[PDB]
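Structural overview
Residues per chain are reported as follows:
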Amino acid sequence: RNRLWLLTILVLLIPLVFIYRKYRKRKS
Amino acid sequence: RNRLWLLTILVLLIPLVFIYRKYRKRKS
Amino acid sequence: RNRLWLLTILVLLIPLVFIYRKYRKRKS
């Protein structure tokens, strides 16, 4: 009811990174 | 009575962002 | 035949794109 289930969960989070790319205004 | 299985299906979908990086089409 | 568990393993992989951002810029 957890642990292994948690690993499956992490990927769902990854669409967040794409949103960050859009913000990419200036390099730092 | 449990959409937990459905959440697992979503995770497979995020590799799309990785594909965008390969394009390197600057802005878009 | 039936490898539903295998499909979940693919899902773990997308966090890799986020990791590249952590590395920053190299080239050198």
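Residues numbered from 1 in each chain as written, not as in the entry; some residues may be left out. Chains lettered and ligands numbered in written order. Heavy atoms only, no water.

Regarding the packing of helix α1 (residues 4-13) of chain B against helix α1 (residues 4-12) of chain C
Think of two packed helices as two axes; the pair is described by the angle between the axes and how far apart they sit. Defined as follows: For helices, the fitted axis covers only the stretch in contact; all axes are lines through C-alpha atoms, and the angles between them, taken along N-to-C directions, range from 0 to 180 degrees. Secondary structure counts use DSSP, requiring at least four H or I residues in a row for a helix and at least two E residues in a row for a strand, with both numbered from the N terminus. Should an angle fall under 35 degrees it is called roughly parallel, over 145 degrees roughly antiparallel, and 65 to 115 degrees roughly perpendicular, with every other angle called oblique. In this scheme the handedness of a crossing depends on how the near helix is turned from the far one: anticlockwise by less than a right angle means left-handed, clockwise means right-handed. Contacts are assigned to residue pairs that have any heavy atoms within 4.5 Å of one another.
In contact at an axis separation of 7 Å, α1(B) and α1(C) are set at 50 degrees when each is read in the N-to-C sense. Classified by the angle their axes make, α1(B) and α1(C) are oblique. Relative to α1(C), α1(B) is oriented so that their crossing is left-handed. Here B:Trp5, B:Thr8, B:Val11 and B:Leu12 of α1(B) come into contact with α1(C), specifically with C:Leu4, C:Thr8, C:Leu10 and C:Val11.

Focus: the environment of B:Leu4
All names here are of chain B. This is how it is decided: Think of it in three bands: residues with accessible area under 20% of the maximum for their type are buried, residues over 50% are exposed, and the middle band is partly exposed, with areas taken using a 1.4 Å probe on protein chains only.
In this fold, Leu 4 is placed in helix α1. The exposure class of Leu 4 is exposed, given its relative accessible area of 54%. For the pair formed by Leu 4 and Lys 22, sequence separation is 18 residues and the distance between their alpha carbons is 32 Å.

Some points on a positive patch on the surface
Rules: Note on patches: the residues involved have over 30% relative accessible area and no salt bridge, like charges join within 9 Å, and the nonpolar side chains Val, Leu, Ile, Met, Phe, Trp and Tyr join within 5 Å. Computed by Shrake-Rupley with a 1.4 Å probe, the accessible areas treat only the displayed protein chains as cover when residues are assessed. A carboxyl oxygen of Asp or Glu within 4 Å of a side-chain nitrogen of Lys or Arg is what we treat as a salt bridge. Only four residue types enter the charge count, namely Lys and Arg as positive and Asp and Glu as negative; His and the chain termini do not. For charged residues, the charge sits on one atom: NZ in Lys, CZ in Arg, CG in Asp, CD in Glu.
Together, A:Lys25, A:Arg26, A:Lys27 and C:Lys25 line one region of the surface with positive charge. Structurally, the position occupied by A:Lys27 is in the segment after α2 (15-23).

Details of the interface of chain A and chain C
Rule in force here: Accessible area that two parts lose when put together, evaluated with a 1.4 Å probe and summed over both, is termed the buried area. Here a polar contact is recorded for every N or O atom pair within 3.5 Å, except that within protein the pair must consist of a potential hydrogen donor and a potential acceptor, and residues adjacent in sequence are included only if both atoms are side-chain atoms.
At the junction of the two partners, chain A supplies seven residues and chain C supplies eight residues. Approximately 680 Å² of surface area, both sides summed, lies buried where chain A meets chain C, with 89% of it carried by carbon and sulfur atoms. Viewed at the interface, chain C and chain A are joined by zero salt bridges. Our count for the chain A to chain C interface comes out at zero residue pairs in polar contact. Counting residues per element, the ones that place at least two in the side of chain A that touches chain C are α1 (4-13) and α2 of chain A. Ranked by residues supplied to the side of chain A that touches chain C, first place goes to α1(A) with four residues.

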